[PDB]
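Below is one structure, written out as structure tokens; comments come after it.
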Amino acid sequence: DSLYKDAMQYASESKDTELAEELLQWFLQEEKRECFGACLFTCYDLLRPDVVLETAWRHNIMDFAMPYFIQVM
Amino acid sequence: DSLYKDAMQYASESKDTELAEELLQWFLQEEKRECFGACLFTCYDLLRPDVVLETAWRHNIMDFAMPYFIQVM
Amino acid sequence: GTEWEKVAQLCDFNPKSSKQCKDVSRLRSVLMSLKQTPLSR
């Protein structure tokens, strides 16, 4: 039920790995790219941009998500 | 004759520089960009990504070659 | 999608290539090949 940017807060405060990546992949299996960049920026300290770029660009979606990679740069 | 990913093996095992770059440029002068990423991954330790990506994208036909740069990152 | 299958059939960077020198760049290439493997459909 808490799909309006609430479970992202739990994943961020969890401070664990391999948790936010599942939410990112679910945001791509179903058309929910409107919150992909938000989930990236919130859980930046727990994600790996190298695989995030691949998953977001080549895997199952042609998404840009440029400000995230700008912050990475 | 060995254009089906065989001379690439010789160029990779040669362990020399300025050898696979000629094959990469030949894969761009002629429409053979399908094996460009394979040649990049086989000769990963012998190529320079900074000029490889430029030659593959701006200098010649708009090939993506993104997984190579992703592994570089 | 068939182009990726053709690239795999031509130059599949199988982990069997570990018989060569254990270079860090070759390990990174093997990891990238393992990450690209699920893309075959």
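Going through the structure tokens in order, the chains are called A, B, and so on, while each chain numbers its residues from 1 and the ligands are numbered from 1 in the order shown.
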
Could you give me, as JSON lines, a per-residue list for chain C showing, wherever an atom lies at most 12 Å from an atom of chain A, the closest pair of atoms and their distance in Å to one decimal, using only C-alpha atoms and sorting by chain then residue number from low to high?
```
{"residue": "C:1", "atom": "CA", "partner": "A:58", "partner_atom": "CA", "distance": 11.5}
{"residue": "C:4", "atom": "CA", "partner": "A:58", "partner_atom": "CA", "distance": 11.8}
{"residue": "C:31", "atom": "CA", "partner": "A:51", "partner_atom": "CA", "distance": 11.5}
{"residue": "C:32", "atom": "CA", "partner": "A:51", "partner_atom": "CA", "distance": 10.0}
{"residue": "C:35", "atom": "CA", "partner": "A:51", "partner_atom": "CA", "distance": 9.0}
{"residue": "C:36", "atom": "CA", "partner": "A:59", "partner_atom": "CA", "distance": 9.1}
{"residue": "C:37", "atom": "CA", "partner": "A:59", "partner_atom": "CA", "distance": 11.3}
{"residue": "C:38", "atom": "CA", "partner": "A:59", "partner_atom": "CA", "distance": 9.3}
{"residue": "C:39", "atom": "CA", "partner": "A:59", "partner_atom": "CA", "distance": 7.2}
{"residue": "C:40", "atom": "CA", "partner": "A:59", "partner_atom": "CA", "distance": 10.7}
{"residue": "C:41", "atom": "CA", "partner": "A:59", "partner_atom": "CA", "distance": 11.6}
```

**Report entry** Surrounding residues of residue 10 of chain A excluding itself and chain neighbours under 2 positions, 12 Å, only C-alpha atoms, as an NGL selection string
**Finding:** :A and (2-3 or 5-8 or 12-16 or 19-20 or 23 or 39 or 42-43)

Return the neighbours of chain A among the residues of chain B, cut-off 10 Å, counting only C-alpha atoms, as a compact mmCIF listing (two decimals) with N, CA, C and O atoms, in the first residue's frame.
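To be explicit, this is the file written out as selection_28.txt:
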```
# COMPACT_ATOMS: atom_id res chain seq x y z
N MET B 66 28.02 0.65 -24.42
CA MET B 66 27.88 1.14 -23.05
C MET B 66 28.39 0.17 -21.98
O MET B 66 29.00 0.65 -21.01
N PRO B 67 28.15 -1.15 -22.06
CA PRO B 67 28.69 -2.04 -21.00
C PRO B 67 30.19 -1.92 -20.80
O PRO B 67 30.67 -2.10 -19.67
N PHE B 69 32.04 0.90 -21.05
CA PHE B 69 32.23 2.06 -20.19
C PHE B 69 31.67 1.83 -18.79
O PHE B 69 32.18 2.39 -17.82
N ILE B 70 30.63 1.00 -18.67
CA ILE B 70 30.08 0.68 -17.36
C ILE B 70 31.09 -0.11 -16.54
O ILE B 70 31.29 0.15 -15.35
N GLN B 71 31.75 -1.09 -17.16
CA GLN B 71 32.78 -1.83 -16.45
C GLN B 71 33.99 -0.96 -16.16
O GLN B 71 34.68 -1.14 -15.15
N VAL B 72 34.27 0.01 -17.04
CA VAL B 72 35.34 0.97 -16.75
C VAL B 72 34.99 1.80 -15.52
O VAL B 72 35.85 2.05 -14.66
N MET B 73 33.74 2.24 -15.41
CA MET B 73 33.31 2.98 -14.22
C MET B 73 33.34 2.09 -12.98
O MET B 73 33.59 2.57 -11.87
```

If you run DSSP over the backbone, which residues in chain C end up helix (DSSP H, G or I)? Put them as an mmCIF file with N, CA, C and O atoms, in the first residue's frame.
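Output file selection-v2.cif follows:
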```cif
data_model
loop_
_atom_site.group_PDB
_atom_site.id
_atom_site.type_symbol
_atom_site.label_atom_id
_atom_site.label_comp_id
_atom_site.auth_asym_id
_atom_site.auth_seq_id
_atom_site.Cartn_x
_atom_site.Cartn_y
_atom_site.Cartn_z
ATOM 1 N N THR C 2 18.010 -10.304 -30.945
ATOM 2 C CA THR C 2 18.800 -11.364 -31.558
ATOM 3 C C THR C 2 20.262 -10.975 -31.727
ATOM 4 O O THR C 2 21.121 -11.861 -31.798
ATOM 5 N N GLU C 3 20.564 -9.676 -31.791
ATOM 6 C CA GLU C 3 21.953 -9.248 -31.923
ATOM 7 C C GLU C 3 22.772 -9.618 -30.695
ATOM 8 O O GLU C 3 23.930 -10.031 -30.826
ATOM 9 N N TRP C 4 22.193 -9.484 -29.500
ATOM 10 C CA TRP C 4 22.902 -9.886 -28.289
ATOM 11 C C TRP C 4 23.136 -11.391 -28.268
ATOM 12 O O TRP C 4 24.198 -11.855 -27.836
ATOM 13 N N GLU C 5 22.162 -12.169 -28.747
ATOM 14 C CA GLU C 5 22.344 -13.614 -28.829
ATOM 15 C C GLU C 5 23.450 -13.973 -29.814
ATOM 16 O O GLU C 5 24.241 -14.890 -29.564
ATOM 17 N N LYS C 6 23.527 -13.256 -30.938
ATOM 18 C CA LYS C 6 24.602 -13.498 -31.896
ATOM 19 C C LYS C 6 25.960 -13.143 -31.302
ATOM 20 O O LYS C 6 26.937 -13.881 -31.480
ATOM 21 N N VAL C 7 26.042 -12.012 -30.596
ATOM 22 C CA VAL C 7 27.295 -11.620 -29.955
ATOM 23 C C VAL C 7 27.712 -12.661 -28.923
ATOM 24 O O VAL C 7 28.898 -12.988 -28.792
ATOM 25 N N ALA C 8 26.743 -13.202 -28.181
ATOM 26 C CA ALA C 8 27.054 -14.248 -27.211
ATOM 27 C C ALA C 8 27.554 -15.510 -27.903
ATOM 28 O O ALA C 8 28.568 -16.088 -27.497
ATOM 29 N N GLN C 9 26.860 -15.950 -28.956
ATOM 30 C CA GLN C 9 27.279 -17.152 -29.670
ATOM 31 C C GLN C 9 28.649 -16.981 -30.315
ATOM 32 O O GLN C 9 29.374 -17.967 -30.493
ATOM 33 N N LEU C 10 29.020 -15.750 -30.669
ATOM 34 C CA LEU C 10 30.322 -15.527 -31.289
ATOM 35 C C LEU C 10 31.445 -15.420 -30.264
ATOM 36 O O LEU C 10 32.481 -16.076 -30.422
ATOM 37 N N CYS C 11 31.268 -14.610 -29.220
ATOM 38 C CA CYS C 11 32.350 -14.351 -28.276
ATOM 39 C C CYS C 11 31.880 -14.420 -26.827
ATOM 40 O O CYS C 11 32.109 -13.485 -26.052
ATOM 41 N N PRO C 15 33.360 -18.083 -18.027
ATOM 42 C CA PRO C 15 34.366 -18.141 -16.955
ATOM 43 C C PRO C 15 35.486 -19.141 -17.209
ATOM 44 O O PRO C 15 36.485 -19.150 -16.483
ATOM 45 N N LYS C 16 35.332 -19.991 -18.229
ATOM 46 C CA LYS C 16 36.403 -20.907 -18.605
ATOM 47 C C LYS C 16 37.647 -20.171 -19.086
ATOM 48 O O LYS C 16 38.727 -20.770 -19.139
ATOM 49 N N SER C 17 37.522 -18.888 -19.437
ATOM 50 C CA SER C 17 38.669 -18.097 -19.865
ATOM 51 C C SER C 17 39.632 -17.787 -18.726
ATOM 52 O O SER C 17 40.655 -17.136 -18.965
ATOM 53 N N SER C 18 39.333 -18.231 -17.503
ATOM 54 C CA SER C 18 40.220 -18.002 -16.368
ATOM 55 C C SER C 18 41.551 -18.731 -16.501
ATOM 56 O O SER C 18 42.442 -18.509 -15.674
ATOM 57 N N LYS C 19 41.706 -19.594 -17.509
ATOM 58 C CA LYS C 19 42.976 -20.277 -17.727
ATOM 59 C C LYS C 19 44.102 -19.309 -18.065
ATOM 60 O O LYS C 19 45.276 -19.668 -17.923
ATOM 61 N N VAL C 24 43.542 -8.154 -13.342
ATOM 62 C CA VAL C 24 42.376 -7.483 -12.780
ATOM 63 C C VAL C 24 41.431 -6.994 -13.868
ATOM 64 O O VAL C 24 40.208 -7.042 -13.692
ATOM 65 N N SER C 25 41.967 -6.530 -14.999
ATOM 66 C CA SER C 25 41.110 -6.110 -16.103
ATOM 67 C C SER C 25 40.336 -7.292 -16.673
ATOM 68 O O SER C 25 39.159 -7.161 -17.030
ATOM 69 N N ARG C 26 40.976 -8.460 -16.752
ATOM 70 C CA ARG C 26 40.272 -9.647 -17.221
ATOM 71 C C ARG C 26 39.208 -10.095 -16.227
ATOM 72 O O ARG C 26 38.142 -10.567 -16.635
ATOM 73 N N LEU C 27 39.466 -9.939 -14.926
ATOM 74 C CA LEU C 27 38.439 -10.240 -13.933
ATOM 75 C C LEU C 27 37.256 -9.288 -14.064
ATOM 76 O O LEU C 27 36.096 -9.704 -13.947
ATOM 77 N N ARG C 28 37.529 -8.004 -14.308
ATOM 78 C CA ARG C 28 36.446 -7.050 -14.527
ATOM 79 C C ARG C 28 35.652 -7.397 -15.781
ATOM 80 O O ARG C 28 34.421 -7.281 -15.796
ATOM 81 N N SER C 29 36.339 -7.829 -16.841
ATOM 82 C CA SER C 29 35.639 -8.248 -18.052
ATOM 83 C C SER C 29 34.781 -9.483 -17.806
ATOM 84 O O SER C 29 33.669 -9.578 -18.336
ATOM 85 N N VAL C 30 35.275 -10.431 -17.006
ATOM 86 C CA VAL C 30 34.483 -11.612 -16.671
ATOM 87 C C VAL C 30 33.250 -11.216 -15.868
ATOM 88 O O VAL C 30 32.151 -11.739 -16.089
ATOM 89 N N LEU C 31 33.411 -10.283 -14.925
ATOM 90 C CA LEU C 31 32.264 -9.811 -14.154
ATOM 91 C C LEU C 31 31.245 -9.116 -15.050
ATOM 92 O O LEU C 31 30.032 -9.309 -14.892
ATOM 93 N N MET C 32 31.718 -8.308 -16.001
ATOM 94 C CA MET C 32 30.805 -7.638 -16.922
ATOM 95 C C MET C 32 30.079 -8.645 -17.804
ATOM 96 O O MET C 32 28.886 -8.486 -18.091
ATOM 97 N N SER C 33 30.780 -9.694 -18.241
ATOM 98 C CA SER C 33 30.136 -10.732 -19.039
ATOM 99 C C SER C 33 29.087 -11.478 -18.225
ATOM 100 O O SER C 33 28.008 -11.803 -18.736
ATOM 101 N N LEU C 34 29.383 -11.757 -16.954
ATOM 102 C CA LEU C 34 28.401 -12.412 -16.095
ATOM 103 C C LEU C 34 27.188 -11.523 -15.853
ATOM 104 O O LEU C 34 26.063 -12.025 -15.756
ATOM 105 N N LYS C 35 27.394 -10.209 -15.752
ATOM 106 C CA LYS C 35 26.275 -9.285 -15.610
ATOM 107 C C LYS C 35 25.462 -9.146 -16.891
ATOM 108 O O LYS C 35 24.252 -8.909 -16.818
ATOM 109 N N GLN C 36 26.098 -9.280 -18.057
ATOM 110 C CA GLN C 36 25.373 -9.184 -19.320
ATOM 111 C C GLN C 36 24.711 -10.499 -19.709
ATOM 112 O O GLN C 36 23.817 -10.505 -20.562
ATOM 113 N N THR C 37 25.145 -11.610 -19.119
ATOM 114 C CA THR C 37 24.561 -12.911 -19.439
ATOM 115 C C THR C 37 23.043 -12.975 -19.282
ATOM 116 O O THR C 37 22.389 -13.542 -20.173
ATOM 117 N N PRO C 38 22.421 -12.442 -18.221
ATOM 118 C CA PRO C 38 20.951 -12.510 -18.133
ATOM 119 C C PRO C 38 20.224 -11.757 -19.238
ATOM 120 O O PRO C 38 19.015 -11.962 -19.402
ATOM 121 N N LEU C 39 20.910 -10.900 -19.997
ATOM 122 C CA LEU C 39 20.260 -10.175 -21.083
ATOM 123 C C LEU C 39 19.906 -11.070 -22.263
ATOM 124 O O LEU C 39 19.114 -10.653 -23.115
#
```

Requested in this report: Please provide as JSON, numbers by chain all residues within 10 Å of residue 18 of chain B, with the sequence filter that same-chain residues fewer than 5 positions apart are discarded (counting only C-alpha atoms).
Outcome: {"B": [11, 23, 46, 47]}

Could those residues be written to a file, using N, CA, C and O atoms, as a short mmCIF file (atom, residue, chain, number, x, y, z; two decimals), in the first residue's frame?
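Written file, part_2.cif:
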```
data_model
loop_
_atom_site.label_atom_id
_atom_site.label_comp_id
_atom_site.auth_asym_id
_atom_site.auth_seq_id
_atom_site.Cartn_x
_atom_site.Cartn_y
_atom_site.Cartn_z
N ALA B 11 44.90 -11.09 -31.62
CA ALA B 11 45.23 -9.74 -31.18
C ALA B 11 45.22 -9.64 -29.66
O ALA B 11 46.01 -8.89 -29.07
N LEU B 23 41.98 -3.07 -35.67
CA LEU B 23 40.80 -3.89 -35.92
C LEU B 23 39.53 -3.17 -35.47
O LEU B 23 38.49 -3.29 -36.13
N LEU B 46 44.11 -4.23 -22.95
CA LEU B 46 45.04 -3.69 -23.93
C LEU B 46 44.55 -2.42 -24.61
O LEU B 46 45.26 -1.88 -25.46
N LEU B 47 43.36 -1.94 -24.27
CA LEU B 47 42.77 -0.78 -24.92
C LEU B 47 42.64 0.39 -23.95
O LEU B 47 42.74 0.24 -22.73
#
```
